[PDB]
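Next up: just one chain, as structure tokens, the form solved without this ligand.
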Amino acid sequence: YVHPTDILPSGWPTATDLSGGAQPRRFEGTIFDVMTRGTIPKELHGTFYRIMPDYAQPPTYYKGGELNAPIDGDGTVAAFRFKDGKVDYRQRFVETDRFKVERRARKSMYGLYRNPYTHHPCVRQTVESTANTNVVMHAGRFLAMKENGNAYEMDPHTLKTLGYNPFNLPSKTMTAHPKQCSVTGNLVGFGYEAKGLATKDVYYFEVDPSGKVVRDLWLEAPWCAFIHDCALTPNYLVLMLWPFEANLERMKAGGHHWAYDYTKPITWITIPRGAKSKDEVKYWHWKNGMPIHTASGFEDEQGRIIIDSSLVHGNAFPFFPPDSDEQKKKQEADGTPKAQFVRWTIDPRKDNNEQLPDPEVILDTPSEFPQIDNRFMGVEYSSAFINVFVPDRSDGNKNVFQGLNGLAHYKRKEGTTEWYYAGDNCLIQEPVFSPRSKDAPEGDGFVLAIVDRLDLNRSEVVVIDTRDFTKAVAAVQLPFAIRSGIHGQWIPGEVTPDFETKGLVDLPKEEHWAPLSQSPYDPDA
């Protein structure tokens, strides 16, 4: 049986998200008092903000959208606010300059990921960011980020877009993976391609809790590399270079911004915090592979930089293949690479020209989207909350972003790993952590994540108490599915302006519309 209306043509190209799912959602609005199952912990007082790529218009401008990437689509923020056991939800697109152009024209006007030579001529000199990868609340300001532009600011309650580049960074870009230092409170980050397309320039900065840039430095990467993420330590910001290179000639010819290169080693740039000269920066190298995200970093008792990350032993973004014929044939032959969670040691006393030691395998399972207890951000940390392919219950042949059906709570100090299974016919997305109280022990509290109930065409938020990581205490049940996203963050109400007085949904007025005389009821009858 085929439903006759299902053979009527659609004008939509296949617009995937990182999970591989391709259903456009695109709604903007609210649900007040979202249905829950179980008991919402009274200790949750804040908002889980998650951001997702969800092209608002069918992305047909270049090559009919055939080469759209899962990381391309217009950023939309979902907010789930927990207060006193009750949850509200709001979904809204970021009003990026790109989104505004395309909605006003009711037309796709942009081409390939990060390639202005494939956008419509009238928009080539716009900010092309879709602000779709991560969010942060810093200095009272709520930001949507994507690494090919500065951030867009949004109201944290209505999600209305307020402006661009709120911290007035001088670079053309800001990472979507800045880190909020637990010691200083600074937002510590960088922007690469910081002087425009295919530039090697990197701008490092720290923005203090009042919104002021208090430390910065201009430097360069060894090649124009895809510097997605970083790790913060007490004395360093360490940039993590993936083995992709940008080529302006390729982009002018209409090809992809990035191409994977098997000959590039994973490379790290150490930036001493508050450095005064680019001469203080050092480049360190291992071997080829793709460490997608850091959990965090710290310095050990001997001052050595320790960083945990995912590690895919090959290209986890196969939609940006190599440039050369020989390397393309290797990618196709290899298919899905081995994927693990690992630990790197960079000893600053060593000669940085010597190859780094091989990383230690921490989890021998495909692992991605790690987060930590941010009370330990930029210092020694132990807990990591990791999105995993659950051992013996997962499909190792899926790309790392497409088979994530569990969570792990890894504790370095104890050496233990606990496991949460999302369920049969379920995926689960990146976890976030909220401490049980401000002075709870590290990693004691609640873990939240979005679950795709694939057989039900719905999405839910699960809530897990770390005292039993294997069991959900509550589920927030939406009446529909949302896109599978990239990152999200738990943002405590304490740091959210006006959290005490403003909900995600504004209340209707108190006064009745109708006069007293219209009631059916008479107290005398």
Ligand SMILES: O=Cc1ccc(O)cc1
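In case it trips you up, residue 1 is the first one in the sequence shown, and so on.
We do not show the form deposited with this ligand bound, though everything after this point is about it.
Visitor: Would you say all of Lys179, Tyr204 and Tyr236 touch this ligand in the deposited bound form, counting a heavy atom within 4.5 Å as a touch?
Guide: No, the whole trio is out of contact, none within 4.5 Å by any heavy atom.
Visitor: Which one, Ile491, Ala474, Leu44, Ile486, lies within 4.5 Å of this ligand in the deposited bound form by heavy atoms?
Guide: Residue within 4.5 Å of the partner: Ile486.
Visitor: Counting non-hydrogen atoms within 4.5 angstroms of this ligand in the deposited bound form, say which of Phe389, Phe298, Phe93, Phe317 makes the cut.
Guide: Partner contact (heavy atom, 4.5 Å) among the options: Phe317.
Visitor: Do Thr133 and this ligand come within 4.5 Å of each other in the deposited bound form, heavy atoms counted?
Guide: It does: once this ligand is placed as it appears in the deposited bound form, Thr133 has a heavy atom within 4.5 Å of it.
Visitor: Verify the contact flag for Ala15: yes if a non-hydrogen atom of it lies within 4.5 Å of a non-hydrogen atom of this ligand in the deposited bound form, no if not.
Guide: Because no heavy atom of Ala15 falls inside 4.5 Å of this ligand in the deposited bound form, the answer is no.
Visitor: Wondering, does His228 line up within 4.5 Å of this ligand in the deposited bound form on heavy atoms?
Guide: Heavy-atom contact with this ligand at 4.5 Å: present for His228.
Visitor: State yes or no: in the deposited bound form, is some non-hydrogen atom of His293 no more than 4.5 angstroms from a non-hydrogen atom of this ligand?
Guide: Within the cut-off, so yes.
Visitor: Which one of these stretches, 407-415, 143-151, 421-429, 300-308, sits within 4.5 Å of this ligand in the deposited bound form when only heavy atoms are counted?
Guide: Of the options given, it is 143-151.
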